[PDB]
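Cβ sites come from the backbone with ideal geometry, for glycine too, and all protein chains shown count toward neighbours. All of the numbers you see were taken from the coordinates with simple rules; none came from a lab.
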Amino acid sequence: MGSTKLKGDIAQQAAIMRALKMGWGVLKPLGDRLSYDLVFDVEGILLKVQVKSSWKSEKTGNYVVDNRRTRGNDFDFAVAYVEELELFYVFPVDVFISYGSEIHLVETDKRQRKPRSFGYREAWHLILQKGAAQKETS
Amino acid sequence: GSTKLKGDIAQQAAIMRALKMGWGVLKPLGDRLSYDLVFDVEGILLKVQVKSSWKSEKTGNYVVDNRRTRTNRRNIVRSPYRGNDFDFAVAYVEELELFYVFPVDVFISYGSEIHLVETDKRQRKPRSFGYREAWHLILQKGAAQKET
Amino acid sequence: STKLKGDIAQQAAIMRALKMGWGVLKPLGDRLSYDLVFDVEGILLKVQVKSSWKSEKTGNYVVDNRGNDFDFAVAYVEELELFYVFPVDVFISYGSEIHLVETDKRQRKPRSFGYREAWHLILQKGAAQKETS
Amino acid sequence: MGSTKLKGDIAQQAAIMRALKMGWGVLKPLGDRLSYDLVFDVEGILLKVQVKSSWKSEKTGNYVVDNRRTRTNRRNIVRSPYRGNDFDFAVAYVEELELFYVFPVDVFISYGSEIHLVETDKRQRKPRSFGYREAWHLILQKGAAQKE
DNA sequence: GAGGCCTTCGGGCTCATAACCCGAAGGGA
DNA sequence: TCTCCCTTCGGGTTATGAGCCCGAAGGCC
Ligand SMILES: [Ca+2]
Ligand SMILES: [Ca+2]
C-alpha cells in the first residue's frame, strides 16, 4: 500500500514543492549512485541537497531521523520531513554530520528546553544565505 | 515568478495529491506532449492536464482557460484540446490549496474561460462547482477500464 | 555498483523511443513494476528496461528477470549497440536466464534472435490498441 | 510531421549518454524555464550545459546553430542573447554524424547570431569553431579549475 | 419588468521553450 | 594586380509550452 519506499517519495516531492515556492530551480540526478537526492538552483548557484524523512517513534510526542553514510558523503543541505505536521528541518552539512546516531526533532507545545535541532526548523534562509555568500566568493 | 514557474507549482501540487492517494505518478519528458502528468491508478493509466488559475480583479473569483494560443507577426490562431488529448483536467487555486477535477469532455465543453467561485455567493453557483475535489471521478474511471 | 549499467540501458531505450517520435514517461521512485512507458501515437505502453552481461565461456550475452502490466521489455547489449524487445508473454515464458546469440556462428540461432530490434511489435500493439476503441 | 522540440530532446538525450559514458553525473531540471538543459557533475563539481541541435544549411553545406534565444509568440520579435552566467558550456550537436562540438559560454556568446560548423573536406579556411570539435576536455579543465 | 449582481464567450495579450531562413557584409587567401 | 571563396552577422520565420485581460451579451433572482 504505502511503505518506506513511498514515504521517502513524498518527502522528496515536498522538498521540491518548497523549493518551487521559493522561486528556485530544481535539478534531479539519474540513478541513485550520487551522494545527494536533489539540487536547488538558488539564483544561479547550485546547492546539493539530501532528502530525509522522519518517523514518529516510541510513545512519545516527538520525531526521529537518521544518517547512514556507511551504506556516501558531501552534499550541502539535509532536509528532514515530518509527514504529520507537513514541516521541514533544514540542516547544513557540518551540523548534520556532527550528530552521532539519531537526530531528535521535538514539536510539542513548548515550555521546555528544546534540542540543538530546533533552531533548524523551517530554516530555509540558511540555504538562501549560502547561495548569496558563495556568489561573492567568485 | 514568470509564468512557467507558476504552472510547475500547480503541477507539483497535483503530484503530491496523487501520491497521498497511493496512485503512481509518471512525468513526461519535455513540454511537447498534450498532457502534464499521468496517474497509474490501480493498474490503468490516465493522462492529466494541469492548469493554474488566477483570481480575477473585478469578479472576485478564480478562472482558468481551455484554449492554446499562438500570436505571430500577422495574425493569431487557437488550438483547443481534442477528446483523446488526455483523460482529466485539474485546476489549481494556489492560496486555497484546492483542486477541481474535470473530465476531458466537461473541460472542452466550455467556451473559453471557466470560472470557479469560492465565495458564499448566495447564487446557485455555475456548473463548475460540482467538481471541487472530484478525485472520485478519476478513481471511478479507473475501475471502469479495470474489467476486460 | 552496476546501477550505472542499468542507467545506460534506460537512457539508450529513452533515445530509441524519441528516435521514433514517441513520448516517454518516467515514474517517480521505484515502487512500480515498469521502468518506462512510451506514448505511441496516443497509446501508452509500459516497458521494462534490462541490461545484459557477456557470457564467460561462450561468445554470447545473457539477461535475467525477476498478462496484466509490463506489456513490453527491452534488453540492452552495450558493446554491440542493439536492443532485444520482448512482449511480456514471450518474456515470462522463460526459465530464468534468457540467452542471446549475436555472433555469425552458422548454427540455428535461438528463439530469442527473432526479437532483434523488433520495435515494430511496439508499433503494432499500439495500432492494434486503437481497434478496441 | 512532428518537429522542433522533439529534435531538441534527441540532441539533449545524446548529450545525456556522452556525459554518462565519460563517467560524469547527469542532472535533469524541472521543466523548460531555466537557461540550461543539463548539468554535469564532473569530479564533484557541477557545470551547466546548454544543448542545441544543428541543421544542414543546404546553400552553404554546413551545420549551423543560432546563439541567441529568439523569443516569439508575441507579435513582436525580441532577440535576447545569453549572459556569461546563464550556463558554463554550450554543446552543439550534429545528429546523422553523431558529432558534438563543445563551446564555453564566453566563446559561444561572442558570436553575432549564427555559428557555423564546416565538417567538409577541402576549404580555404577553417571556421573559428574548428578547434572545438568534441572538445570535452575544456569542461574537464574548468572544474579542475573550480576545485581550489 | 428593473437595475443590478453575476457568468459565459471570443477577441486581444506576454512570458518561456525549441529549430530555421537569407541577404549582404567583408576579411583570408 | 588577390576578386572569388565562404564565414559571419542582423534582419526575417515557424512550432510548442505557461498564465492572463476585458468587454459586449445575457442569465439569476
Ligand atoms: Ca499545463
Ligand atoms: Ca537548448
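Within 10 Å of each Cβ in D:20-28, how many Cβ atoms from other chains are there, averaged over the peptide?
5
When Rg and the Kirkwood Rh are both derived from Cα coordinates, the Rg/Rh ratio for chain A amounts to 0.96.
Considering only B:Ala14, B:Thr119, B:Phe99, the residue lying farthest towards the positive end of the dipole of chain B is B:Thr119, judged by Cα position with unit charges set on Cβ. About its Cα centre, the dipole of region B:2-148 is roughly 660 debye, where the only charges are +1 on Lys and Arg Cβ and -1 on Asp and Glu Cβ. Here the Karplus curve 6.51 cos²θ - 1.76 cosθ + 1.60, taken at θ = phi - 60°, turns the phi angles of region D:87-93 into couplings of 7, 10, 9, 9, 10, 7, 10 Hz, with x standing for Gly and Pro. Short-range pairs are left out: with C-alpha atoms under 8 Å and at least six residues apart, the relative contact order of chain D is 19 percent. Extension gain, D:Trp136-D:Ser35: 0.36 nm per intervening residue step, less the Cα-Cα distance, totals 34.3 nm.
May I ask you to sort D:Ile77, C:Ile8 by Cβ crowding, counting other Cβ atoms within 10 Å and putting the fewest first?
So the residues, fewest neighbours to most, are D:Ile77, C:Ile8.
Rank the residues C:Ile98, B:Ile108 as a footprinting-exposure proxy: fewest other Cβ atoms within 10 Å of their Cβ go first.
The order, fewest Cβ neighbours first, is B:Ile108, C:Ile98.
Summing charges over neighbours of A:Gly61, with a neighbour being any other residue whose Cβ is under 14 Å away from its Cβ, gives +1 when K and R count +1 and D and E count -1.
Checking the cross-link pairs B:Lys55/C:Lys26; A:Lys7/D:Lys21; A:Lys28/D:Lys142 against a 28 Å limit on the alpha carbon distance flags B:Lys55/C:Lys26; A:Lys7/D:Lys21 as lying beyond it. The sum of -39500 (n - 2.57) across all DSSP H runs of n ≥ 4, divided by the residue count of the protein assembly as shown, sets its helix-only mean residue ellipticity at 222 nm to -7000 deg cm²/dmol.
In this simple spin-label approximation, D:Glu114 and A:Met1 carry label points 7 Å from Cα along the Cα→Cβ vector, and these lie 6.4 nm apart. Taking the Cα atoms of the protein assembly as shown, the ratio Rg/Rh between the radius of gyration and the Kirkwood radius comes to 0.97. Counting every other Cβ atom within 10 Å of each residue's Cβ, D:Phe87, D:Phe130 order from fewest to most as D:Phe130, D:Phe87.
Using a Gaussian network model of chain B in which every pair of alpha carbons under 10 angstrom is joined by a spring, one finds that among B:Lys125, B:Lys51, B:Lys20 the greatest mean-square fluctuation is at B:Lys20.
For D:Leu38, nonlocal amide neighbours, meaning residues 5 or more places apart or on other chains whose placed amide H falls under 5 Å from its own, are D:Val49, D:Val51.
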